[PDB]
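Please read the structure below before turning to the comments.
Each answer follows from the model by the rule given with it, or from the source it names; none is laboratory data. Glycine gets a Cβ as well: all are built from the backbone with ideal geometry, and neighbour counts include every protein chain shown.
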Amino acid sequence: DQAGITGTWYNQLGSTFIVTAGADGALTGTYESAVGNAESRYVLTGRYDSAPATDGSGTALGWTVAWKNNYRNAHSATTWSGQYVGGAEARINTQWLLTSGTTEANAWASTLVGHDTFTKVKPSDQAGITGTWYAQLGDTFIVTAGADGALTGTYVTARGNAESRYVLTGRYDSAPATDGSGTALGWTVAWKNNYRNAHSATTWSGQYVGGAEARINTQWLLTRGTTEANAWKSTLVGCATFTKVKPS
Amino acid sequence: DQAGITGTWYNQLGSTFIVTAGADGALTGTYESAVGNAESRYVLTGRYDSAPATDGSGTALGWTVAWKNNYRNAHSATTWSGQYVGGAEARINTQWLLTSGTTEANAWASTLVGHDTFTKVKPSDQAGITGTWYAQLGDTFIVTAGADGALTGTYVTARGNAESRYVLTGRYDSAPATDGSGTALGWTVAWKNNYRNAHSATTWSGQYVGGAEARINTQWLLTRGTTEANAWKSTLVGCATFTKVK
């Protein structure tokens, strides 16, 4: 629900995020984290299902924060993937992936995973990235990396309940480390366009590695809006690798 | 933590598991699930760090349940990876991976992810799998699949804080589907042996696909024992693909 989502949400750690849900499925806002290498507000962007199911399922959504602002750069990004559940005790229940830019030797250790629950009640490489990317599955990701750390574009998926292009939005570390680490980034796609609504959203969290064989290596979370009884099985997890060379 | 871990644990869904922690780092017991395609008890096996850190960190552990018993076969396995925290309100905080055996075309949708918290107080044999497997990183997994769905063996890791062999235990679906879906399975390694103790455990959850190029395609969770303040960053996630050819 657009009115249900917009506002201020608090999670179990004490972090805060303020979000505006646009009528078109956009999420925009700021996140302030009570833990980790973080200080003050960080830009957040994401998507949500603007036509959720009426059988009582939650509303699938996700969003991304690149942990760079004017005070700090943690060379990392987090994506939350989850669902909004309305009512007197409204909640956003998520799982998240936190990727650090790493050397290729430490990439196997690059991604933390966790869960966050948010309530309305306060508790007690721009050039390298911009362009067209191809997954091992055959689908396609066209993205523009802004100078501010914005990612914007469209995703065309070769598999699943999906058809034609979907809007994508995300963030990336716009001042990566120079020691050969990759560039942390993430983005979200809500699987609703003018042709289909799969009542679901995916977030990819990962890092860009430049050079002769440039890659975006990601892990992803796909959450479906579910009833509360089915929520334990609402989130799929996977990995995906994108290259600039269209596969065979 | 042998005495602390052993006994009966309840999670927020109403599921129950009973476990015995052995002195060597073994976990053995049964899991009864309050949700999903499950009914009565299922065998569980796993590992835990039998010499945790004394600074107050939790105790890393993991375990596997293949969702097949004499009453049902859900063609699936779950691994929980997490850490035991002792004291007046002892808990086991986990994240879990549930893999279903799927066709190749559906494999991208094969693995659910979630989190479970357990407390002590109740709330209100495949010839295909057995052998040596090699990951894209260079490390090595030697396993014996028992006829009862047991997995036992040793894991030798080519990366991280590890050296030589570590004990592994796990489970697999011993009566898979014959439509060409993979065989669901999972296993645990606690990263402690006679040479190193990394105070951590990894669980792989995934599926075995047979034939000319047999593979085990997995996703894994690596949990480190942490302080309560650092618990939010205790678990790494990744994927690993194993083949029979080095």
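Has segment A:40-53 got at least one residue that is out of contact with any helix residue (DSSP H, G or I) (no Cβ under 6 Å at 6 or more places or on another chain), among the acidic types (D, E) and farther than 16 Å from A:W187 by Cα?
No: segment A:40-53 contains no residue that is out of contact with any helix residue (DSSP H, G or I) (no Cβ under 6 Å at 6 or more places or on another chain), among the acidic types (D, E) and farther than 16 Å from A:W187 by Cα.
Among the residues of segment A:53-73, how many are over 17 Å from A:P176 (Cα atoms) and surrounded by fewer than 24 Cβ atoms within 10 Å (Cβ to Cβ)?
Count: 5.
Given (1) of a type in the set (D, E, K, R); (2) within 14 Å of chain B (Cβ to nearest Cβ); (3) more than 21 Å from B:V237 (Cβ to Cβ), where does A:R72 come up short, assuming only one miss?
If we test A:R72 against (1) of a type in the set (D, E, K, R); (2) within 14 Å of chain B (Cβ to nearest Cβ); (3) more than 21 Å from B:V237 (Cβ to Cβ), just (2) comes out false.
Yes or no, residue by residue, for (1) farther than 18 Å from A:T117 by Cβ; (2) surrounded by 15 or more Cβ atoms within 10 Å (Cβ to Cβ); (3) under 18 Å from the mean Cα position of the chain (by Cα); (4) within 14 Å of another protein chain (Cβ to nearest Cβ):
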position: A:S15; (1), (2), (3), (4): no, yes, yes, yes
position: A:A23; (1), (2), (3), (4): yes, no, no, no
position: A:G36; (1), (2), (3), (4): no, yes, no, yes
position: A:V43; (1), (2), (3), (4): yes, yes, yes, no
position: A:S76; (1), (2), (3), (4): yes, yes, yes, yes
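Residues of segment A:141-175 being farther than 27 Å from A:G29 by Cα and more than 14 Å from chain B (Cβ to nearest Cβ), which ones?
Matches in segment A:141-175: A:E163, A:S164.
When you check A:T119 against the structure, is it farther than 30 Å from A:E228 by Cα and more than 14 Å from chain B (Cβ to nearest Cβ), yes or no?
On the way: farther than 30 Å from A:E228 by Cα: no; more than 14 Å from chain B (Cβ to nearest Cβ): yes.
So A:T119 does not fit the description; no.
In segment A:148-190, what residues are among the β-branched types (V, I, T) and assigned to a loop (DSSP other than H, G, I, E, B)? Step through it out loud before you land on a result.
We begin by selecting, within segment A:148-190, every residue among the β-branched types (V, I, T); these are A:152, A:154, A:156-157, A:167, A:169, A:178, A:183, A:188-189.
Scanning segment A:148-190 gives A:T157, A:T178.
Please enumerate the residues belonging to segment B:78-116 that are outside any strand (DSSP E or B) and more than 11 Å from chain A (Cβ to nearest Cβ).
B:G86, B:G87, B:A88, B:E89, B:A90, B:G101, B:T102, B:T103, B:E104
Under 19 Å from A:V113 (Cα atoms) and either in the same structural domain as A:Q83 (by CATH) or polar (S, T, N, Q) (or both): which single residue out of A:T203, A:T169, A:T226 fits that description?
Every option except A:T203 fails the conditions.
Of everything in segment A:193-216, what is among the polar types (S, T, N, Q), under 24 Å from A:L98 (Cβ atoms) and more than 10 Å from chain B (Cβ to nearest Cβ)? Give them in sequence order.
The answer is A:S200, A:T202, A:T203, A:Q207.
Which residue out of A:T144, A:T117, A:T152 is assigned by CATH to the domain that holds A:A212, under 23 Å from A:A60 (Cα atoms) and surrounded by fewer than 20 Cβ atoms within 10 Å (Cβ to Cβ)?
A:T152
Going by the conditions given, is A:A135 hydrophobic (A, V, I, L, M, F, W, C), surrounded by 19 or more Cβ atoms within 10 Å (Cβ to Cβ) and within 14 Å of chain B (Cβ to nearest Cβ)?
Here the answer is yes, as A:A135 does meet what is asked.
Within segment A:151-205, can you find the residues that are within 13 Å of the chain's Cα centre (by Cα) and among the aliphatic types (A, V, I, L, M)?
Within segment A:151-205, A:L151, A:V167, A:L168, A:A184, A:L185, A:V189, A:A190, A:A201 meet the criteria.
Does B:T227 count as surrounded by fewer than 19 Cβ atoms within 10 Å (Cβ to Cβ), among the hydroxyl-bearing types (S, T, Y) and within 14 Å of chain A (Cβ to nearest Cβ)?
Yes.
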